[PDB]
């Protein structure tokens, strides 16, 4: 049986994770206590006499995000041991989450994962959720991904990670932690999907016409991507794309494993009725820079490998027509050596909508996960931020005192520079 | 499948379009909430299940006219993002609507025109609604018509412009805005249709006996003419006359394309019982000098070509008979090189009536859109007023303040002078 | 066993041909669905001339309906006898010609002429061997003129020995239904003098006063006007579809009516026209069918046949009549009217008697007139074209798609050479 | 006594084969529960070709469903006609092929190929005489393209005297459903040119055009496409299952359609397809089926037959048809366009007739074409493969499961060898 | 279930087996020829009229004069 395990590290992983497990419960009919009044095996383990528990662990050094889950309305869903807490947070220090504090909790963390990896009959991958800007996300995320590769080799690590915005970011030391996390994320995860905070702000302001959005509006449509990602494991479809099919069909080289995301129909209740939602209409909007979920312009780079996951009432011909019209549009550009560039997956289940959510029901939906050379713009802009503060050794004495050495910033800069150089040559026309 | 995408620019365009889309929903039976309780495909798009949206955009830099639609009885009809607004209006400045405040809204405007054309299978034309005496109607209309040419090539564009009246006026810089706007819509508009307030208000005073008319009364009878122009696409008949017909059957040269308009039955409710509406009567009444939309005199010039669009119960016999009688009248004279003077067309359905409107339910209708050599009379008078205006640079520091160069004023003066020598030369025997 | 392929073009062609298949269906006993309901066996021997046998007894017509504006075919599809035609034969455009000849001949007729030739060629070998091709259009238009004439040029290119019978509506003398009628008619005639074999010139303003004066109809319409043209097109092929005492097919009328290859434009009259109130008063006899036939009022062309001499005449009589009653009444009209007939051709009038009259008629006849009096109509069209071309009015649309002003001079020369040749044989 | 063993691999083939047993069991009269409920006696002589007798009157198909994912097991099993297969023959994996050709062929297929050769040997030993192995798979995937071609090499080495019918879809020109098609297809064709006796080239986009231009279906699902593919496979073995006037089994097709041992890929078409609006108007006769037979739009392959010359074609006619009327229509197409036919192979076409048509449709035919026009399809995959391989894109996966790049150069060399001999015979 | 059961046509067996005359009349399904409607309709001048006088309110019979 198909089966995936999600580890959620750091506050951003938990707060998104509070929204993803709110989505799968409404989708599969599981009540907050954990009892339904066959497809649930992808995310839920059926426990004993009619109870389903999630296959996720919640680990964070700061308990104050975790105890909202323990005392919330989903207190009876999760196993009590799966919600893992610590004494004090890493507190925006990568040296504290990887060396000082993270070493005590990572030994316990692999123990509960080994319980979930023993309960599976066929394991298909891992779903990491973290933010590279924080100490827990960068530090404990690097340590957990390091130990997972040694323990469970050649398994797919689908790490949905959140990166700082080029313009609108909240933490000062975010450029430092992003570079040190990328040095470990580059060589370990199989598919890493960037999420950007500011791009989702522009999505909610324009398409969802909400002038003042907060984090719980942001994490709902992030959870719409994850449900659209794994809908082929839970529900049937015309063209099933398994999680193991993603990494063999998206990454061309072992080092270029960064991809974007875009959810095409994002409309409110009063917008939906006036809008004639057609397959060609949503497909055109998915490639627009407005509906991209990372703050970058895809016209600058060239798309390299894009996969579309059509959810709902979509026949295999209107995806045949829409993809052809997309390829003939002059704005969208593919790389020369990859003439086949599209993966079309259709799942027959329409997307579920949460009451209180700002999305209305839509019969058809598209999630595009795109490998592009324009991600080099997302990593050069953070390479510029890391260069200025390290030019006079800012904030270094917090990292040096907490276990990490001075030298590790040098090759982390070199490894990120080696990645930007690799991105330019793979987009080079030959 | 036939499709025409109407655009309404400025306050004059929107308020006429409020009366235009009121008539369209009444013809096909569309309720104001957007749902009917096959013929609608030229103006409406069947959205999902049981909902129709208009294929139009109301764009204006002044938000006061747009939100009246958004607060009126048709708030549920139009798509909420098809309606376009702005922070500050052009305010009778052609340089403002073209250069400094109209540029920020035209990028969003074509993004909806792109999506409306992608929703339609075969586009047949564009309907443009403005008055050249204002800021948004002239300035943003110049930006919209020019940018639609480079994007939508060889597609017909009906320009329904309301020109400044000769004797009466509502603004002081109307001769300035009219000359500059005519410089833009001469080279770009495929077919231009002239409207004037005084002749329409003279129509209401004589035939419709309304001694105190307003814009609401004026916009309805303009809307009735435009619905008759596209009635061939909406409904079937004997001689269907689609959009490309008016392009080549009324415009002999690539400059002479400013046409008049006339609607023959303009009769109130109590006058209609005592009036016998025959095709011989109304075709005589269509060519009467009191019945045009523009205050220009027919017999001062000669007609180039005339288009008689007929609606309702009209047999093809009496249109053949009455046109011959029209040609034999010595009061009107045609140009010497066009013996085949007319083009005819008959639709098989009568026009609808707005409930509470002034027009009566008439079984027949004429849409008399004709090309004449008398269009130079309304152009020379606007040319003369601008010449006296520009004698010592009145109202120029406002226009040159907002980016426009002083040389653009004299260039537009030469263009109308080039148009002025065109009509005298072509109409000469 | 001889077959005719029918092609209809534009608003004028489709609406006329819809009434053409209206008359021949109930003449052959065909219901709107396609089944047979006739009470005699004479209808069923010659059905392959205009119909193709389908499974279940259905009969699909040999009609290719073609145009550029898709609104015309919704009219024939919604009308009665509109469910008979093959949907593969429903070939259409979307933009519309817009009454520009060169637009309907070069830009949007180019992509459509490949499609209509695939349908016509598939209909060509569907039968044994074609008797000929019949088309209906209007010369003043843009859909049936610009695209119809290129269709005629290509169908003669691949099928050179096959026949052509174009039923063309010429522009009005008195009024104008489109302002570009003389531009379209002159370019259409320039193509039709080579590729077309027989051109049945019909004019509206001769149809109208037949309805108003001979037929006394107070409210004539296109439903009534097309039915007069439809009654002609059944009468030309009366001997093809039915046995007759003296038969005449398309080639029978081809060798007689055409003295010289350039002269093939005919004025046509349909004989038994009588109003409803005068039905009982008129006696139906062969002499008075002839008297109604030779009147200038009865011709459906605006040219007056008194002003010119008849080069060749052909009358297609239908019904139970004796073969001398048709004969000495043709000797009488050549003797009592000798000035209006050509001296260098003795016995100008060609006869044909068919045994099966149309529905509700005990006797009927159809007239084809090849006279030199039709030159004044062509000179009238030539006069308007000279007036416009010197000042190049309404002409930049035709040059917008590359048809140069040379072709207009070529069209005027071929018009002026043709109108002079009629005058040359008038002397 | 000529039994056929069906094996289905991959998501594409199993969904295709689900529609195959949907149609064949409907043709032979077996209801979803497996009992016989047909009305004819002609279905009850040869059930053994596709089915096995079971205790209690149950009929089980000779099907072996093999896959690396349990997802497509559940899709076939939950649909109609899904219970008919044996529960023991539902062999499947758990990890999934992941659209990796090397994982299907080397790593994950190795732990399963021994399990599926147990099932294939079991079914082959049960039947009296093997007439072939009918495998239905894809070439753009990894489950049926990678693991399926391993099964091709395995059955061919213990069974070297039996035919192989590899029904395989190919990557489409207009769109692309995976991203590793040139890598997947070129390696799968490398295995198919030796071990497979003959192959049937299919694609999605040629079915879409048939579903839209010919059948006028606006919304074709995969069930609509697979029924067009299943209509092919019933026509290949039409003479085996039913008696016929001129019989032709799979070897007789093989000995004629294959002039040379590397030219065994064919382009296939199913003839009688008409839209619901055009059923009542199309008169189906032997000339009408032949006109639809050689039309380029009726081919279920993307190769236009006008580009290449037909080396050998075969006609699988089903129904009560006149023998010469079948043949003279094939003689008509040999001479009306003889430039499209190979000159050094006289009498290119082969006609075989079976007097038991498919249900409801009295006349039907299946076209099998060994044309060199299919070189453009393999040329497209070759130029798509060479573009990716020089930049080594998507290659760190395939080298990971022990499949070195030495084999991938050999795939391109054998790909170019196939198109070289096809281009060699155009001259 | 997919969109096929929502559209209504189930399995294409009718189109393949050419037995469409067994169906209830008006079943468009997914046939583009059947689901075509446009251009509207209007009687106009065809009211209370038909062309029958050739085959034997109008004419000179509708001529009126002075009361007798």
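Should a chain be cited, it is by its letter among A, B, C, D and E, assigned in written order, with residues numbered from 1 in that chain.
Everything below uses one rule, namely that contacts are C-beta pairs under 8 Å (C-beta built on N, C-alpha and C of every residue); 3 or more make two chains touch, one makes a residue touch a chain.
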{"item": "Starting at subunit B, fewest touch steps before arriving at subunit C", "value": "1"}
{"item": "Subunit E and subunit D - chains in contact with each", "value": "A, C"}
{"item": "When subunit C is superposed on subunit D by its C-alpha atoms, the rotation angle in degrees, nearest 5", "value": "30"}
{"item": "C-E compared against B-E, more contacting pairs", "value": "C-E"}
{"item": "Closest chain to the centre of mass proxy, which here is the mean CA position", "value": "E"}
{"item": "Distance between chain centroids, defined by C-alpha means - subunit C, subunit D (Å)", "value": "54"}
{"item": "Rounded Å distance, subunit B centre to subunit D centre (Cα mean)", "value": "62"}
{"item": "Chain centre separation in whole Å, for subunit D relative to subunit A (CA means)", "value": "41"}
{"item": "Multi-partner residues of subunit B (each touching 2 or more other chains)", "value": "1-2, 236, 238, 315"}
{"item": "Subunit E residues counted as touching two or more neighbouring chains", "value": "2-4, 21, 33, 38-39, 41, 45"}
{"item": "Residue numbers of subunit C (touch at least two other chains)", "value": "56, 70-71, 74-75, 78, 87, 219, 221"}
{"item": "Pairwise chain contacts, counting only pairs that touch as defined", "value": "A-B, A-D, A-E, B-C, B-E, C-D, C-E, D-E"}
{"item": "Contact footprint of subunit E on subunit B as seen in their complex", "value": "1-2, 38-39, 41, 234-238, 312-315, 346-349"}
{"item": "Interfacial residue positions of subunit E with respect to subunit A in the complex", "value": "1-4, 6"}
{"item": "List of subunit E residues in touch with subunit D within their complex", "value": "2-4, 7, 9, 11-21, 27, 29-35"}
{"item": "Residue numbers on subunit B that touch subunit C, as the complex places them", "value": "1-2, 121-122, 124, 232-233, 236, 238-240, 242, 244-245, 247-254, 305, 315-317, 320, 323-324, 327, 336-344"}
{"item": "Subunit D to subunit E touching residues, read off their complex", "value": "22, 26, 215-221, 223-224, 227, 231, 272-280, 284, 358-361"}
